[PDB]
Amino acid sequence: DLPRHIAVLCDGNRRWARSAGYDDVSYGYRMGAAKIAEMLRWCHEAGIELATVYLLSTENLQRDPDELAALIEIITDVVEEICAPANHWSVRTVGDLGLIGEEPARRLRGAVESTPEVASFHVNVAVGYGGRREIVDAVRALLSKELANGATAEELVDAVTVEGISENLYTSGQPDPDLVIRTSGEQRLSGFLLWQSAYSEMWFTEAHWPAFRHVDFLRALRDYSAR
């Protein structure tokens, strides 16, 4: 009836800013960041237990460093606001922080570790995230645990299961995404929460992320309800 877990991909930050004729396209990320905060607030008040925001892809790391640095700092403010003690939200990083750089990773880890584990609203921040690699790391995690418990090489070949992989993903012990909000008219996949979102409802809007409004969010929820 209500999504137990909503996943949001924020497409169209640069495209949005170019439409309005902003020469300086990092501006789009600032507005997208403001919007993420408002989205989490909407989710939170709607009664949704888990929201997963897409903050950074291995794709995004192919951008020009003059703008990537701006984007990395923006992501870090966003996370430090999500983790603010006044929210009392439980926060988890989904992805590798080994790709974003030393000082920002530090700031991000510091912020997320200060949040409670028990809460009524949970947020996953997807940073340094790729879906096929999540799956690969879940398999190696699974196979190290089996080796630690004393499995032989013959017994490992058969240790892999669908439950074992779920348990060893970044989103271990969480519900799978019930609804996947995709924006800027994008009907492409990104391999975001690739394994977990195998059976999620897709919802699309034409609006670019910085232009996403509460009225669009209620449309999303109604459409989910009506399916």
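Throughout, we count residues from 1 along the sequence that is shown.
Novice: When the Cα temperature factors in the entry are averaged, is it 56 to 64 or 186 to 194 that ends up higher?
Specialist: The recorded data point to 56 to 64.
Novice: Pull the Cα B-factor of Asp96 out of the PDB entry and bin it into the chain's lowest, middle or highest third.
Specialist: Middle third of the chain for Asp96's C-alpha B-factor.
Novice: By its CA B factor, does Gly110 count among the lowest, middle or highest third of the modelled residues in the chain?
Specialist: It belongs to the middle third of the chain when residues are ordered by C-alpha B-factor.
Novice: Could you say whether, by C-alpha temperature factor, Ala151 belongs to the lowest, middle or highest third of its chain?
Specialist: Its C-alpha B-factor, which the entry lists for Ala151, ranks in the middle third among residues of this chain.
Novice: Relative to the other modelled residues of the same chain, rank the CA B-factor of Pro116 and answer lowest, middle or highest third.
Specialist: Highest third.
Novice: Lowest, middle or highest third: where is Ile165 by Cα B-factor in its chain?
Specialist: Highest third, going by the recorded CA B-factors of the chain.
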